[PDB]
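**Q** What follows is query.cif, mmCIF, C-alpha atoms and all ligand atoms.
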data_input
#
loop_
_atom_site.label_atom_id
_atom_site.label_comp_id
_atom_site.auth_asym_id
_atom_site.auth_seq_id
_atom_site.Cartn_x
_atom_site.Cartn_y
_atom_site.Cartn_z
CA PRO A 1 -23.90 -31.38 -61.53
CA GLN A 2 -21.48 -28.51 -62.10
CA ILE A 3 -19.08 -27.53 -59.34
CA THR A 4 -17.45 -24.08 -59.31
CA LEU A 5 -14.07 -23.52 -57.68
CA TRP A 6 -14.57 -20.39 -55.58
CA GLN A 7 -14.42 -22.71 -52.58
CA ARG A 8 -12.79 -26.11 -52.08
CA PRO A 9 -14.54 -28.85 -54.06
CA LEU A 10 -15.40 -30.91 -50.99
CA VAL A 11 -17.98 -33.68 -51.32
CA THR A 12 -19.37 -36.37 -49.06
CA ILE A 13 -18.26 -39.90 -49.80
CA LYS A 14 -19.45 -43.17 -48.32
CA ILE A 15 -16.97 -45.96 -47.65
CA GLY A 16 -17.22 -48.87 -45.24
CA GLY A 17 -20.69 -47.68 -44.32
CA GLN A 18 -19.31 -44.36 -43.08
CA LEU A 19 -19.67 -40.83 -44.42
CA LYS A 20 -16.51 -38.75 -44.81
CA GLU A 21 -15.59 -35.51 -46.55
CA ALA A 22 -13.21 -35.65 -49.50
CA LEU A 23 -11.67 -33.27 -52.01
CA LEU A 24 -12.24 -33.67 -55.78
CA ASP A 25 -8.61 -33.39 -56.83
CA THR A 26 -7.68 -33.36 -60.54
CA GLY A 27 -4.03 -32.94 -59.58
CA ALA A 28 -3.90 -36.36 -57.89
CA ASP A 29 -3.42 -39.55 -59.94
CA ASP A 30 -4.78 -41.74 -57.17
CA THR A 31 -7.29 -41.61 -54.34
CA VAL A 32 -5.73 -41.31 -50.87
CA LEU A 33 -7.65 -41.37 -47.61
CA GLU A 34 -6.84 -40.82 -43.95
CA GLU A 35 -5.93 -43.81 -41.81
CA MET A 36 -8.83 -46.25 -41.58
CA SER A 37 -9.62 -49.96 -41.76
CA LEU A 38 -10.37 -51.63 -45.09
CA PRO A 39 -10.85 -55.35 -45.87
CA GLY A 40 -8.41 -57.65 -47.66
CA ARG A 41 -4.66 -57.60 -48.22
CA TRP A 42 -2.79 -54.44 -49.08
CA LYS A 43 0.28 -53.68 -51.16
CA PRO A 44 2.94 -51.00 -50.62
CA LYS A 45 3.05 -47.81 -52.69
CA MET A 46 4.96 -44.53 -52.70
CA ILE A 47 3.17 -41.34 -53.72
CA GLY A 48 4.60 -37.86 -53.93
CA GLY A 49 3.37 -34.37 -53.25
CA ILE A 50 5.16 -31.03 -53.20
CA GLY A 51 6.93 -31.86 -49.94
CA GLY A 52 8.22 -35.26 -50.94
CA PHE A 53 7.04 -38.86 -50.84
CA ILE A 54 5.12 -40.89 -48.30
CA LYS A 55 4.38 -44.60 -47.95
CA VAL A 56 0.76 -45.65 -48.16
CA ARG A 57 -1.19 -48.89 -48.15
CA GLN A 58 -2.90 -49.80 -51.42
CA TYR A 59 -6.24 -51.59 -51.34
CA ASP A 60 -7.91 -52.76 -54.55
CA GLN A 61 -11.55 -53.17 -55.63
CA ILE A 62 -12.96 -51.01 -52.85
CA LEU A 63 -16.55 -49.81 -53.13
CA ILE A 64 -16.80 -46.06 -52.65
CA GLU A 65 -19.82 -43.83 -53.20
CA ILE A 66 -19.07 -40.30 -54.37
CA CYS A 67 -21.98 -37.85 -54.41
CA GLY A 68 -24.31 -40.80 -54.79
CA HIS A 69 -22.31 -42.23 -57.69
CA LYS A 70 -20.99 -45.73 -56.99
CA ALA A 71 -17.40 -46.52 -57.89
CA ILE A 72 -15.13 -49.53 -57.35
CA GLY A 73 -11.40 -49.04 -57.49
CA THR A 74 -8.04 -48.67 -55.83
CA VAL A 75 -7.87 -46.67 -52.63
CA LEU A 76 -4.66 -45.68 -50.86
CA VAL A 77 -4.54 -45.17 -47.11
CA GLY A 78 -1.86 -43.09 -45.43
CA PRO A 79 -0.71 -39.85 -43.73
CA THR A 80 -2.47 -37.51 -46.15
CA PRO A 81 -3.37 -33.91 -45.15
CA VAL A 82 -6.97 -34.42 -46.35
CA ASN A 83 -9.08 -37.14 -47.99
CA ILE A 84 -8.34 -36.95 -51.71
CA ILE A 85 -10.42 -38.32 -54.59
CA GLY A 86 -8.06 -38.67 -57.55
CA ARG A 87 -8.29 -39.27 -61.28
CA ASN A 88 -8.61 -43.04 -60.97
CA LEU A 89 -12.09 -42.55 -59.45
CA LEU A 90 -12.97 -39.21 -61.05
CA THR A 91 -12.88 -40.95 -64.45
CA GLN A 92 -15.25 -43.63 -63.15
CA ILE A 93 -17.90 -41.06 -62.29
CA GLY A 94 -17.47 -39.22 -65.60
CA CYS A 95 -15.94 -36.07 -64.17
CA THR A 96 -14.39 -33.56 -66.59
CA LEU A 97 -12.87 -30.08 -66.39
CA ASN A 98 -14.61 -27.38 -68.45
CA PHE A 99 -13.83 -23.77 -69.35
CA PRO B 1 -12.75 -26.87 -73.92
CA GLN B 2 -13.64 -30.06 -72.07
CA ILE B 3 -10.76 -31.91 -70.46
CA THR B 4 -11.10 -35.61 -69.62
CA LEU B 5 -9.08 -37.08 -66.78
CA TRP B 6 -7.79 -40.30 -68.33
CA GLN B 7 -4.44 -38.52 -68.27
CA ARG B 8 -3.03 -35.73 -66.12
CA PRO B 9 -4.64 -32.39 -67.09
CA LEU B 10 -1.51 -30.60 -68.29
CA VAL B 11 -1.80 -27.29 -70.12
CA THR B 12 0.54 -24.66 -71.47
CA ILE B 13 0.76 -21.37 -69.62
CA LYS B 14 2.53 -18.13 -70.39
CA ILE B 15 4.08 -16.12 -67.56
CA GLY B 16 6.79 -13.49 -67.77
CA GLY B 17 6.84 -14.14 -71.49
CA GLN B 18 8.02 -17.67 -70.72
CA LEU B 19 6.07 -20.76 -71.77
CA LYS B 20 5.61 -23.60 -69.30
CA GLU B 21 3.62 -26.78 -68.76
CA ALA B 22 1.35 -26.82 -65.72
CA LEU B 23 -1.10 -29.15 -64.00
CA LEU B 24 -4.71 -28.04 -63.44
CA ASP B 25 -5.21 -28.91 -59.77
CA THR B 26 -8.70 -28.47 -58.28
CA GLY B 27 -7.36 -29.59 -54.92
CA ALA B 28 -4.88 -26.71 -54.66
CA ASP B 29 -6.10 -23.40 -53.16
CA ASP B 30 -3.17 -21.53 -54.67
CA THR B 31 -0.88 -21.62 -57.68
CA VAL B 32 2.73 -22.76 -57.22
CA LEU B 33 5.40 -22.65 -59.93
CA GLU B 34 8.99 -23.89 -60.08
CA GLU B 35 11.82 -21.49 -59.19
CA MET B 36 11.88 -18.47 -61.48
CA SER B 37 12.43 -14.72 -61.46
CA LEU B 38 9.42 -12.41 -61.18
CA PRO B 39 9.38 -8.61 -60.75
CA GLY B 40 8.10 -6.93 -57.62
CA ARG B 41 8.39 -7.56 -53.91
CA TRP B 42 7.53 -10.94 -52.41
CA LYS B 43 6.66 -12.43 -49.02
CA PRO B 44 7.91 -15.76 -47.68
CA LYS B 45 5.29 -18.42 -47.06
CA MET B 46 5.05 -22.12 -46.25
CA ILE B 47 2.77 -24.48 -48.18
CA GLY B 48 2.29 -28.14 -47.41
CA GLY B 49 0.85 -31.24 -48.92
CA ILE B 50 1.65 -34.90 -49.20
CA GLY B 51 5.25 -35.29 -48.10
CA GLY B 52 5.36 -32.13 -46.02
CA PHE B 53 5.95 -28.40 -46.46
CA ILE B 54 8.16 -26.29 -48.68
CA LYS B 55 9.13 -22.63 -48.46
CA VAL B 56 7.86 -20.44 -51.30
CA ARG B 57 7.91 -16.78 -52.32
CA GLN B 58 4.51 -15.15 -52.74
CA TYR B 59 3.98 -12.66 -55.58
CA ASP B 60 0.68 -10.81 -55.96
CA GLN B 61 -1.07 -9.46 -59.06
CA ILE B 62 0.84 -11.60 -61.55
CA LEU B 63 -0.46 -11.88 -65.12
CA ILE B 64 -0.82 -15.43 -66.43
CA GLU B 65 -2.19 -16.84 -69.67
CA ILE B 66 -3.82 -20.26 -69.44
CA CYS B 67 -4.95 -21.79 -72.74
CA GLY B 68 -5.36 -18.29 -74.14
CA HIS B 69 -7.33 -17.00 -71.16
CA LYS B 70 -5.71 -14.12 -69.29
CA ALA B 71 -5.90 -14.37 -65.51
CA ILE B 72 -4.54 -12.25 -62.67
CA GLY B 73 -3.67 -13.49 -59.22
CA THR B 74 -1.20 -14.60 -56.60
CA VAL B 75 1.52 -17.01 -57.64
CA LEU B 76 3.82 -18.89 -55.29
CA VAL B 77 7.35 -19.71 -56.43
CA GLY B 78 9.42 -22.46 -54.90
CA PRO B 79 11.12 -25.86 -55.25
CA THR B 80 7.98 -27.64 -56.47
CA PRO B 81 8.52 -30.69 -58.71
CA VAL B 82 5.65 -29.67 -61.02
CA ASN B 83 3.91 -26.43 -61.93
CA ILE B 84 0.49 -26.30 -60.30
CA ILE B 85 -2.45 -24.09 -61.25
CA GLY B 86 -4.75 -23.84 -58.25
CA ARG B 87 -8.27 -22.56 -57.62
CA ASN B 88 -7.26 -18.91 -57.25
CA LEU B 89 -6.60 -18.83 -61.01
CA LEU B 90 -8.91 -21.59 -62.28
CA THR B 91 -11.90 -19.51 -61.14
CA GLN B 92 -10.74 -16.58 -63.28
CA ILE B 93 -10.83 -18.61 -66.48
CA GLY B 94 -14.25 -20.00 -65.56
CA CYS B 95 -13.11 -23.56 -64.98
CA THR B 96 -15.68 -25.95 -63.54
CA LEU B 97 -15.81 -29.61 -62.55
CA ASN B 98 -18.72 -31.46 -64.20
CA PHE B 99 -20.28 -34.92 -63.90
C1 LIG A 101 -3.00 -24.20 -49.00
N1 LIG A 101 -2.29 -25.16 -49.82
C2 LIG A 101 -2.39 -25.03 -51.19
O1 LIG A 101 -3.07 -24.11 -51.71
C3 LIG A 101 -1.65 -25.97 -52.08
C4 LIG A 101 -1.07 -25.50 -53.31
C5 LIG A 101 -0.39 -26.40 -54.17
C6 LIG A 101 -0.29 -27.77 -53.81
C7 LIG A 101 -0.87 -28.24 -52.58
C8 LIG A 101 -0.77 -29.67 -52.26
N2 LIG A 101 -1.11 -30.80 -53.01
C9 LIG A 101 -2.56 -31.05 -52.94
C10 LIG A 101 -2.96 -31.98 -51.76
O2 LIG A 101 -2.67 -31.28 -50.53
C11 LIG A 101 -3.61 -30.55 -49.84
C12 LIG A 101 -3.50 -30.43 -48.42
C13 LIG A 101 -4.46 -29.68 -47.67
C14 LIG A 101 -5.55 -29.04 -48.34
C15 LIG A 101 -5.68 -29.16 -49.76
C16 LIG A 101 -4.72 -29.90 -50.50
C17 LIG A 101 -2.93 -31.37 -54.40
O3 LIG A 101 -4.26 -30.94 -54.68
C18 LIG A 101 -2.83 -32.83 -54.83
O4 LIG A 101 -3.05 -32.85 -56.23
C19 LIG A 101 -1.51 -33.53 -54.49
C20 LIG A 101 -1.31 -34.82 -55.29
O5 LIG A 101 -1.59 -35.98 -54.48
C21 LIG A 101 -1.49 -37.25 -55.04
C22 LIG A 101 -2.32 -38.32 -54.55
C23 LIG A 101 -2.22 -39.63 -55.11
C24 LIG A 101 -1.29 -39.90 -56.16
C25 LIG A 101 -0.45 -38.85 -56.66
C26 LIG A 101 -0.55 -37.54 -56.10
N3 LIG A 101 -0.33 -32.63 -54.58
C27 LIG A 101 0.14 -31.99 -55.85
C28 LIG A 101 1.17 -32.67 -56.71
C29 LIG A 101 0.80 -33.28 -57.96
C30 LIG A 101 1.77 -33.93 -58.78
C31 LIG A 101 3.14 -33.97 -58.35
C32 LIG A 101 3.53 -33.36 -57.11
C33 LIG A 101 2.54 -32.71 -56.30
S1 LIG A 101 0.09 -31.93 -53.15
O6 LIG A 101 1.36 -31.23 -53.38
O7 LIG A 101 0.04 -32.91 -52.07
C34 LIG A 101 -1.55 -27.34 -51.73
#
If you convert what's in this file into structure tokens, what do you get?
**A**
Amino acid sequence: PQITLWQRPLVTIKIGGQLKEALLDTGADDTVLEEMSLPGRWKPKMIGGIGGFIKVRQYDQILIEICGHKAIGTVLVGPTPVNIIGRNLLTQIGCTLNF
Amino acid sequence: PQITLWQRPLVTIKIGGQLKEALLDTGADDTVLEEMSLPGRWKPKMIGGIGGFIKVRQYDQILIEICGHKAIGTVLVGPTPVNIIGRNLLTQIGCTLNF
């Protein structure tokens, strides 16, 4: 589909059998979600925003459904202001910017 | 044009006659640029994201050229590490997210 930007590009995602709201964010390199439990081991990672950097937990090969489209990739969990779907997953669902 | 997200969506913008590189950020409500001088009165504001908040100066009705498309809108100026073009301006150039 085509999403306009007059309002926040919020979509429903499914992860760990739960539905959550997330922002389609072309400015983010990675996908970062609010604190939650994911399976497997995690690795440390530092990501930065306008205010500075934060430490998050990196989980790999996580199944996440975005607007019905299934994706499998790296998900970061940490103190993020909102659930963010970044370029690593946007590319998997074939998302592009057009104008 | 159609911009893929394999890499960060960086574009050239023209503001105050100056050329700059900026990130197209669908997750950002507003536009925030690195410290610079702009004519007119401004209002202080606080914007936050990953890492926390930063103080910025809000200028209204600023003319900006993005990829040859003229757009008018509010621009926030502050100690941001990267120039960010948010939704307030992306809408004016008719930018959409598609997949
Ligand atoms: C009202 N606030 C604004 O208009 C407003 C205006 C401008 C900016 C922001 C905040 N940013 C949002 C996220 O914050 C929020 C918070 C609440 C609601 C919406 C977005 C942005 O959309 C993201 O792209 C992330 C990159 O996050 C990641 C995630 C994973 C890996 C790497 C980055 N940042 C922008 C940024 C990009 C590159 C370098 C430095 C900073 S951010 O600063 O963290 C809000």
**Q** Padding 8 Å on every side, please: axis-aligned box over the listed atoms of ligand LIG 101 (chain A), centre and edge lengths to one decimal in Å, as AutoDock Vina command-line options.
**A**
--center_x -1.1 --center_y -32.0 --center_z -53.2 --size_x 25.2 --size_y 31.8 --size_z 27.1
**Q** Excluding same-chain residues fewer than 2 positions from residue 86 of chain A, what lies within 8 Å of it counting only C-alpha atoms, as an MDAnalysis selection string?
**A** chainID A and resid 24:32 84 88:90
**Q** Any idea what the distance is between atom CA of residue 57 of chain B and atom CA of residue 43 of chain B?
**A**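 Interatomic distance here is 5.6 Å.
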**Q** Residues around (-4.6, -11.5, -56.7), cut-off 9 Å, counting all atoms listed in the file - what are they as JSON, numbers by chain?
**A** {"B": [59, 60, 61, 62, 72, 73, 74, 75, 88, 89]}
**Q** Compute the set of chain B residues within 6 Å of chain A, using all atoms listed in the file, and express it as a VMD selection string.
**A** chain B and resid 1 to 5 25 to 27 49 to 54 80 87 91 94 to 99
**Q** For atom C34 of ligand LIG 101 (chain A) and atom CA of residue 22 of chain A, determine how far apart the two atoms are, in Å to one decimal place.
**A** 14.5 Å
**Q** Would you compute the distance between atom CA of residue 67 of chain A and atom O7 of ligand LIG 101 (chain A)? Give it in Å to one decimal.
**A**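 Taking atom CA of residue 67 of chain A and atom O7 of ligand LIG 101 (chain A), their separation equals 22.7 Å.
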**Q** Here is a test: counting all atoms listed in the file, which residue of B:12, B:71, B:38, B:77 is nearest to ligand LIG 101 (chain A)?
**A**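 Result for the nearest residue to ligand LIG 101 (chain A): B:77.
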**Q** Between A:76, A:42, A:18, A:35, which residue has the minimum interatomic distance to ligand LIG 101 (chain A), considering all atoms listed in the file?
**A**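 Of all the options, A:76 lies closest to ligand LIG 101 (chain A).
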**Q** With distances taken over all atoms listed in the file, which residue among A:20, A:14, A:70, A:45 lies nearest ligand LIG 101 (chain A)?
**A**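 So, comparing all the options, the nearest one is A:45.
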**Q** My structure is short of atoms at segment 57-82 of chain B; please model N, CA, C and O atoms there, returning them as a PDB file, keeping the file's coordinate frame.
**A**
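The result, stored in result-v3.pdb:
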ATOM      1  N   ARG B  57       7.942 -18.235 -52.295  1.00  0.00           N
ATOM      2  CA  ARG B  57       7.910 -16.780 -52.320  1.00  0.00           C
ATOM      3  C   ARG B  57       6.595 -16.396 -52.969  1.00  0.00           C
ATOM      4  O   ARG B  57       6.289 -16.836 -54.072  1.00  0.00           O
ATOM      5  N   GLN B  58       5.822 -15.572 -52.275  1.00  0.00           N
ATOM      6  CA  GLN B  58       4.510 -15.150 -52.740  1.00  0.00           C
ATOM      7  C   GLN B  58       4.514 -13.826 -53.507  1.00  0.00           C
ATOM      8  O   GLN B  58       4.915 -12.798 -52.967  1.00  0.00           O
ATOM      9  N   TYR B  59       4.074 -13.865 -54.762  1.00  0.00           N
ATOM     10  CA  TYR B  59       3.980 -12.660 -55.580  1.00  0.00           C
ATOM     11  C   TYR B  59       2.502 -12.402 -55.844  1.00  0.00           C
ATOM     12  O   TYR B  59       1.750 -13.327 -56.157  1.00  0.00           O
ATOM     13  N   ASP B  60       2.080 -11.148 -55.726  1.00  0.00           N
ATOM     14  CA  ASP B  60       0.680 -10.810 -55.960  1.00  0.00           C
ATOM     15  C   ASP B  60       0.494 -10.085 -57.292  1.00  0.00           C
ATOM     16  O   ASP B  60       1.434  -9.506 -57.837  1.00  0.00           O
ATOM     17  N   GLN B  61      -0.728 -10.131 -57.810  1.00  0.00           N
ATOM     18  CA  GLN B  61      -1.070  -9.460 -59.060  1.00  0.00           C
ATOM     19  C   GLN B  61      -0.202  -9.842 -60.258  1.00  0.00           C
ATOM     20  O   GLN B  61       0.231  -8.977 -61.020  1.00  0.00           O
ATOM     21  N   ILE B  62       0.043 -11.134 -60.429  1.00  0.00           N
ATOM     22  CA  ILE B  62       0.840 -11.600 -61.550  1.00  0.00           C
ATOM     23  C   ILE B  62      -0.072 -11.970 -62.719  1.00  0.00           C
ATOM     24  O   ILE B  62      -1.115 -12.596 -62.526  1.00  0.00           O
ATOM     25  N   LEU B  63       0.317 -11.572 -63.929  1.00  0.00           N
ATOM     26  CA  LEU B  63      -0.460 -11.880 -65.120  1.00  0.00           C
ATOM     27  C   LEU B  63      -0.077 -13.245 -65.687  1.00  0.00           C
ATOM     28  O   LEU B  63       1.095 -13.512 -65.942  1.00  0.00           O
ATOM     29  N   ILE B  64      -1.069 -14.103 -65.886  1.00  0.00           N
ATOM     30  CA  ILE B  64      -0.820 -15.430 -66.430  1.00  0.00           C
ATOM     31  C   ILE B  64      -1.815 -15.762 -67.534  1.00  0.00           C
ATOM     32  O   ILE B  64      -2.990 -15.407 -67.455  1.00  0.00           O
ATOM     33  N   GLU B  65      -1.332 -16.433 -68.569  1.00  0.00           N
ATOM     34  CA  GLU B  65      -2.190 -16.840 -69.670  1.00  0.00           C
ATOM     35  C   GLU B  65      -2.316 -18.352 -69.632  1.00  0.00           C
ATOM     36  O   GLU B  65      -1.319 -19.069 -69.705  1.00  0.00           O
ATOM     37  N   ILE B  66      -3.548 -18.828 -69.493  1.00  0.00           N
ATOM     38  CA  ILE B  66      -3.820 -20.260 -69.440  1.00  0.00           C
ATOM     39  C   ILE B  66      -4.720 -20.639 -70.609  1.00  0.00           C
ATOM     40  O   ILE B  66      -5.891 -20.271 -70.641  1.00  0.00           O
ATOM     41  N   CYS B  67      -4.173 -21.376 -71.570  1.00  0.00           N
ATOM     42  CA  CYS B  67      -4.950 -21.790 -72.740  1.00  0.00           C
ATOM     43  C   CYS B  67      -5.568 -20.593 -73.452  1.00  0.00           C
ATOM     44  O   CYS B  67      -6.682 -20.683 -73.968  1.00  0.00           O
ATOM     45  N   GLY B  68      -4.853 -19.472 -73.473  1.00  0.00           N
ATOM     46  CA  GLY B  68      -5.360 -18.290 -74.140  1.00  0.00           C
ATOM     47  C   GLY B  68      -6.224 -17.380 -73.287  1.00  0.00           C
ATOM     48  O   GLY B  68      -6.624 -16.302 -73.731  1.00  0.00           O
ATOM     49  N   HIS B  69      -6.518 -17.804 -72.061  1.00  0.00           N
ATOM     50  CA  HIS B  69      -7.330 -17.000 -71.160  1.00  0.00           C
ATOM     51  C   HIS B  69      -6.436 -16.242 -70.185  1.00  0.00           C
ATOM     52  O   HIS B  69      -5.678 -16.851 -69.432  1.00  0.00           O
ATOM     53  N   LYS B  70      -6.521 -14.918 -70.197  1.00  0.00           N
ATOM     54  CA  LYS B  70      -5.710 -14.120 -69.290  1.00  0.00           C
ATOM     55  C   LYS B  70      -6.319 -14.144 -67.890  1.00  0.00           C
ATOM     56  O   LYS B  70      -7.535 -14.010 -67.721  1.00  0.00           O
ATOM     57  N   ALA B  71      -5.463 -14.325 -66.891  1.00  0.00           N
ATOM     58  CA  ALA B  71      -5.900 -14.370 -65.510  1.00  0.00           C
ATOM     59  C   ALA B  71      -4.897 -13.628 -64.637  1.00  0.00           C
ATOM     60  O   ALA B  71      -3.695 -13.630 -64.918  1.00  0.00           O
ATOM     61  N   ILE B  72      -5.394 -12.993 -63.584  1.00  0.00           N
ATOM     62  CA  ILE B  72      -4.540 -12.250 -62.670  1.00  0.00           C
ATOM     63  C   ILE B  72      -4.689 -12.821 -61.267  1.00  0.00           C
ATOM     64  O   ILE B  72      -5.796 -13.131 -60.829  1.00  0.00           O
ATOM     65  N   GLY B  73      -3.580 -12.962 -60.558  1.00  0.00           N
ATOM     66  CA  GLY B  73      -3.670 -13.490 -59.220  1.00  0.00           C
ATOM     67  C   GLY B  73      -2.331 -13.751 -58.576  1.00  0.00           C
ATOM     68  O   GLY B  73      -1.275 -13.470 -59.153  1.00  0.00           O
ATOM     69  N   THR B  74      -2.392 -14.289 -57.366  1.00  0.00           N
ATOM     70  CA  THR B  74      -1.200 -14.600 -56.600  1.00  0.00           C
ATOM     71  C   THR B  74      -0.557 -15.871 -57.126  1.00  0.00           C
ATOM     72  O   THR B  74      -1.240 -16.828 -57.490  1.00  0.00           O
ATOM     73  N   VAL B  75       0.768 -15.861 -57.177  1.00  0.00           N
ATOM     74  CA  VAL B  75       1.520 -17.010 -57.640  1.00  0.00           C
ATOM     75  C   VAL B  75       2.606 -17.262 -56.610  1.00  0.00           C
ATOM     76  O   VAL B  75       3.236 -16.321 -56.120  1.00  0.00           O
ATOM     77  N   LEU B  76       2.795 -18.525 -56.255  1.00  0.00           N
ATOM     78  CA  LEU B  76       3.820 -18.890 -55.290  1.00  0.00           C
ATOM     79  C   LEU B  76       4.957 -19.543 -56.064  1.00  0.00           C
ATOM     80  O   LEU B  76       4.720 -20.367 -56.949  1.00  0.00           O
ATOM     81  N   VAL B  77       6.188 -19.160 -55.746  1.00  0.00           N
ATOM     82  CA  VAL B  77       7.350 -19.710 -56.430  1.00  0.00           C
ATOM     83  C   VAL B  77       8.232 -20.437 -55.446  1.00  0.00           C
ATOM     84  O   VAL B  77       8.595 -19.888 -54.404  1.00  0.00           O
ATOM     85  N   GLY B  78       8.577 -21.676 -55.778  1.00  0.00           N
ATOM     86  CA  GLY B  78       9.420 -22.460 -54.900  1.00  0.00           C
ATOM     87  C   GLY B  78       9.878 -23.760 -55.520  1.00  0.00           C
ATOM     88  O   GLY B  78       9.569 -24.047 -56.680  1.00  0.00           O
ATOM     89  N   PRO B  79      10.609 -24.583 -54.757  1.00  0.00           N
ATOM     90  CA  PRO B  79      11.120 -25.860 -55.250  1.00  0.00           C
ATOM     91  C   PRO B  79      10.063 -26.953 -55.431  1.00  0.00           C
ATOM     92  O   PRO B  79      10.191 -28.047 -54.879  1.00  0.00           O
ATOM     93  N   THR B  80       9.021 -26.652 -56.200  1.00  0.00           N
ATOM     94  CA  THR B  80       7.980 -27.640 -56.470  1.00  0.00           C
ATOM     95  C   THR B  80       8.431 -28.481 -57.652  1.00  0.00           C
ATOM     96  O   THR B  80       9.052 -27.975 -58.588  1.00  0.00           O
ATOM     97  N   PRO B  81       8.130 -29.785 -57.624  1.00  0.00           N
ATOM     98  CA  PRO B  81       8.520 -30.690 -58.710  1.00  0.00           C
ATOM     99  C   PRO B  81       7.673 -30.531 -59.980  1.00  0.00           C
ATOM    100  O   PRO B  81       8.054 -31.000 -61.048  1.00  0.00           O
ATOM    101  N   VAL B  82       6.528 -29.867 -59.865  1.00  0.00           N
ATOM    102  CA  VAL B  82       5.650 -29.670 -61.020  1.00  0.00           C
ATOM    103  C   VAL B  82       4.906 -28.356 -60.868  1.00  0.00           C
ATOM    104  O   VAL B  82       4.601 -27.946 -59.752  1.00  0.00           O
TER     105      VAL B  82
END
